[PDB]
Each structure stands twice: as structure tokens, then as C-alpha cells.
Amino acid sequence: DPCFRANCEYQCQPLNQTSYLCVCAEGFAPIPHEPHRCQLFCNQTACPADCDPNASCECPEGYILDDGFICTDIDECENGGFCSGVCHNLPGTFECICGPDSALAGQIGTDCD
Amino acid sequence: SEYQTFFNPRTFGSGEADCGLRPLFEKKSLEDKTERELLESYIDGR
Amino acid sequence: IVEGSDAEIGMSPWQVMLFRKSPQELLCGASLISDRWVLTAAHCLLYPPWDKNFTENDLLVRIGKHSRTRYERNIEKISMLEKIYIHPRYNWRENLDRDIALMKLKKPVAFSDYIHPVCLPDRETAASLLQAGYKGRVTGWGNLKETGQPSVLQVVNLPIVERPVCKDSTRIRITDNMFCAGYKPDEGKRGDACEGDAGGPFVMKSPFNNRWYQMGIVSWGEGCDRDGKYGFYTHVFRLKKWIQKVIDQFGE
Ligand SMILES: [Ca+2]
């Protein structure tokens with residue numbers, strides 16, 4: 001089983017005999033830069049907050065605790081201050097475009113230029 | 001409302017010149033519900 | 001705020017909510033003094049015994065809020081901290097003297113009907129307004145009583161108390177960097193700041209120019225709204241010198 005030498009934070013999923021994929025619990029997902037690690041995930045405008053069962057809640061980056069113990073996406077574009085150019089809001093982050101319209105440059109999660 | 005700036009906007013940022021004047025009140029000649037209670041408290045009995 | 005009332009919309013355009021990212025929760029109050037500087041209490045940012053030892057990324061500065069819990073999109077604005085500046089003589093290991101701290105925002109905030117900076121007192125205004133009996137106003141989203149939270153921002157007007165009377169109300173050492181306020185029991189009125197309100201501003205409306213000045217910062221007390229006791233605030237004007245030093249060096 002390919003999962004022997006796997007350092008999966010939560011659980012390991014055997015793909016075949018030579019590969020596998022670390023997976024997470026409901027509500028979480030693999031961290032991009034550290035695929036063996038897990039963190040709260042959401043690609044929706046709103047997701048249930050991960051509060052303590054017996055309630056101090058947690059929200060994934062880019063979201064903020066809102067009413068009803070729900071993590072609402074932060075709209076960095078309408079908020080302002082996150083992007084200096086043309087801003088498009090995304091769930092959990094944002095896209096920021098700028099530079100000459102001829103050679104546009106784009107960023108995700110960070111200001112442009 | 002004569003106010004004297006104290007900070008340098010280069011390092012302080014903008015806003016000092018118009019500080020203390022609430023857009024929804026002073027700027028609209030409106031007073032909040034308990035504001036007068038504050039002014040009344042400046043009374044100096046002799 | 002104990003024994004206060006709901007604030008009116010735009011009543012305190014300078015009120016700031018320091019919100020902790022993990023876990024997501026109210027941390028303290030604070031105030032807007034310009035489009036890039038925020039004032040608060042040092043113990044809100046640094047005081048390990050009370051789970052406070054924050055870095056700039058640990059929290060969010062939320063401006064223009066009314067509701068305590070609702071993410072008020074279209075009204076409130078979330079700013080990020082570039083750097084925290086705690087007074088150099090503040091020592092949590094000993095007391096809450098010089099309980100003050102400056103927070104510089106990464107990007108200037110945009111003012112609006114709900115976001116507007118408060119004034120800091122000058123020599124004359126400070127000596128003139130900070131006198132016993134004169135009432136200031138305190139605001140915050142903290143507890144409604146000693147021992148549970150408000151749905152919206154709370155406000156309460158409290159009278160400044162004569163120093164000697166403050167000094168006698170507690171065994172705790174008092175300094176010149178603080179002042180106290182609150183009704184005496186025979187005055188028939190109540191009100192006080194409580195846990196969660198720290199960092200918030202104690203403001204006064206100048207009868208000279210109609211502007212609102214921040215005379216203090218909610219700092220500490222013994223319990224909340226107790227008869228015979230008074231709430232203590234950081235004397236903003238006596239630390240204005242330090243405020244200027246920090247803003248000059250790190251202004252940009
Ligand atoms: Ca977003």
C-alpha cells in the first residue's frame with residue numbers, strides 16, 4: 001500500500017499501487033503548498049463555521065464569522081484596500097488586475113504591481 | 001468650527017482637518033439622542 | 001457597556017472593532033484618528049495572561065460597524081495592520097500604566113457616513129474638558145454586565161470623577177496617565193464599560209467648536225458597574241507626545 005510512507009495529516013487514500021492522495025474531513029481540504037496538511041475549505045459565498053462542539057468558531061482565510069455561525073466570503077473588491085487596480089471578488093480570495101491594458105498583469109490574493 | 005491641525009498629513013494621513021464632525025449629525029445639523037446631556041454637564045455651579 | 005443603550009447609526013463613526021481571526025471573535029474596541037492610524041489599549045494587543053500576544057496578521061480592524069456579529073457588507077470596511085506600536089513604558093508584568101497603543105493601517109481607509117476620524121485634544125481643550133462632573137461618552141460591543149453580549153454597538157454617558165475620589169475608590173495604584181469616570185451611587189444613574197470594551201474611546205463634545213474629542217481609552221476597572229467603584233481610562237492627552245513620536249517616525 002502506497003500509504004505506508006505517506007505523511008497524511010488526516011487520512012490517506014490509496015489511488016493504485018504506486019500513488020495515493022491525502023484527503024481531509026468534511027469541511028476541510030489539502031493545503032496547496034503542503035498537500036499532506038489540511039485546512040478549512042470553502043468555494044461558496046458562505047460555509048458553516050467550524051465551531052467548538054462543547055462555541056469558539058473558525059473560518060477559512062478570506063472569510064469572516066457572520067450571523068448564524070456562518071463564514072461569509074469577504075468581498076475585498078467592495079471593501080477596498082486589498083487591490084489597487086480592477087478587482088474581481090472570489091470565494092476565499094480575489095483577483096487583482098492592473099498595469100497597461102496592453103500588457104495586463106494579474107494577481108490572486110495580493111495587490112497588483 | 002475652527003480647528004487647528006496638529007499633525008502633518010504626510011505621516012498622519014488625511015482627515016484631521018475635518019475630525020470630530022459626524023457626517024450624519026454635525027454635518028447635517030442633527031443631534032443625537034443624548035448629546036445635550038453632555039453639554040448640560042458643562043454647567044459650572046458657583 | 002453596562003447599563004447603556006443602543007447607539008444610533010453613525011453616532012460613533014470613529015469606533016473601531018478589533019476582531020481576532022482565530023478564533024473569529026471580538027477582541028477589543030479602538031478608534032480612528034486619521035485614514036491610516038488607529039488608537040487602542042496596549043493590553044488588548046499585549047497581555048499574555050489574558051490570551052493577548054498578537055502580531056499584525058492575527059487580527060482584523062473593522063470600521064464602520066453597528067451590529068456586533070453581522071458582517072455588514074456595504075457599510076463596514078476591513079483594514080489590515082501594517083504595524084503595531086505599543087508604548088515603550090507599558091509593562092503588563094507590573095501594571096496597566098500607559099495602557100496605550102497605535103496601529104498603522106496598510107492602506108488608507110475611505111471615509112463615509114459611517115467611517116470618520118475623531119479629534120485628539122490640544123492643551124487648552126484637554127484642560128478645559130477634563131474636569132469632574134463633565135460627562136464623556138463611552139462605546140463598545142463588550143459585555144452587558146459583570147457576570148450576555150449586545151446585538152449592536154452600545155453607548156453610555158459618564159461623568160469624569162475627581163482624582164482624589166478615584167484614588168480612594170480602589171487599593172490599586174493609580175497614575176497620572178489614567179483618569180476615572182462613572183456615577184456615584186447617590187447620583188441615581190448607572191453605567192460603565194466592561195470586558196470587551198477595552199481600547200474603545202471615551203469621547204467628549206467640545207462646547208467651543210462642536211467637534212468630538214477623544215479624551216480617554218477604556219482601560220480597566222474592578223468588576224463592572226459596581227457601586228462605589230469607577231471605570232479607568234488612559235489619559236489620551238498626557239500621552240499625545242508619544243503619539244506624535246510614533247506617527248512622525250513611522251507615519252510613512
Ligand atoms: Ca472574496
Side-chain angles (χ1 to χ4, degrees), chain A residues 2-3 6-32 35-53 55-77 79-112, chain C residues 19-25 27 51 53-60 62 69-71 73 78 80-82 106:
Chain A
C3 286
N7 193 48
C8 293
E9 193 181 71
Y10 179 61
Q11 276 172 38
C12 181
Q13 170 60 66
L15 289 173
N16 50 57
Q17 249 63 45
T18 313
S19 59
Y20 66 91
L21 179 70
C22 291
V23 297
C24 310
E26 176 59 48
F28 302 68
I31 302 176
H36 56 295
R37 292 251 303 173
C38 294
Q39 57 174 30
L40 277 186
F41 176 75
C42 186
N43 45 41
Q44 299 278 42
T45 290
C47 284
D50 179 39
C51 315
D52 181 57
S56 78
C57 316
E58 299 282 345
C59 283
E61 296 294 294
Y63 290 80
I64 194 160
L65 190 59
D66 195 2
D67 276 345
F69 292 118
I70 296 185
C71 299
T72 294
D73 169 64
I74 289 173
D75 185 341
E76 298 89 347
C77 296
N79 192 82
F82 284 91
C83 175
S84 307
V86 176
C87 178
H88 177 69
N89 177 52
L90 291 175
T93 181
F94 67 92
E95 176 175 296
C96 187
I97 292 95
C98 78
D101 52 38
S102 309
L104 282 175
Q107 295 297 303
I108 294 181
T110 68
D111 203 345
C112 180
Chain C
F19 201 72
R20 188 175 180 171
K21 284 183 188 183
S22 180
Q24 300 268 303
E25 68 181 9
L27 161 57
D51 196 25
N53 194 177
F54 299 102
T55 58
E56 290 75 8
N57 295 311
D58 289 343
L59 53 183
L60 296 178
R62 299 173 65 182
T69 54
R70 224 182 81 252
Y71 170 44
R73 41 196 292 289
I78 295 174
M80 296 188 275
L81 301 173
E82 177 183 303
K106 282 187 176 174

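Note that these values count all heavy atoms, side chains included, but never hydrogens, waters or copies made by symmetry. Note on naming: letters A, B, ... go to the chains in the order of the sequence lines (proteins, then strands), and numbering restarts at 1 for each one.
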Practice item. Kindly check if A:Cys57 and A:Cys51 bring their SG atoms closer than 2.5 angstrom. Key: yes
Point to revise | A:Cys96/A:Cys83 sulfur gamma separation below 2.5 Å | key: yes
Check your understanding: So which heavy atom on A:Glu9 is nearest to which on A:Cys38, and how close?
Key -> OE1-N, 2.6 Å
Check your understanding: What residues, two or more places apart in sequence or in another chain, satisfy side-chain hydrogen bond (donor to acceptor under 3.5 Å, both in side chains) together with A:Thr45?
Key -> none
**Study point:** Donor-acceptor under 3.5 Å (A:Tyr10 side chain, A:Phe28 main chain)
**Key:** no
Practice item. Answer with yes or no whether the side chains of C:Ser22 and A:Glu58 bring together a donor and an acceptor at under 3.5 Å. Key: yes
Practice item. Heavy atoms only: give me the nearest A:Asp73-A:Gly62 pair and the separation to one decimal. Key: OD1-O, 3.6 Å
Review point. Which atom names give the shortest non-hydrogen contact between C:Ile78 and C:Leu60, and what distance separates them?
Key: CG2-CD2, 3.9 Å
**Study point:** Test: A:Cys22-A:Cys8 SG spacing under 2.5 Å
**Key:** yes
Check your understanding: If only atom types and distance count, is the side chain of C:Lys21 paired as donor or acceptor with the main-chain N or O of C:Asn57 below 3.5 Å?
Key -> yes
Review point. Between C:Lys106 and A:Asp111, is there a salt bridge with N-O shorter than 4.0 Å?
Key: no
Review point. Of all heavy-atom pairs between A:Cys12 and A:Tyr20, which one has the smallest distance, and what is that distance?
Key: SG-CD1, 3.6 Å
Study note, to complete from the structure: Sorted by chain and number, sequence neighbours left out, side-chain hydrogen bond (donor to acceptor under 3.5 Å, both in side chains) with A:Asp66 holds for A:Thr72
Check your understanding: Does the SG-to-SG distance between A:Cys71 and A:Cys47 fall under 2.5 Å?
Key -> no
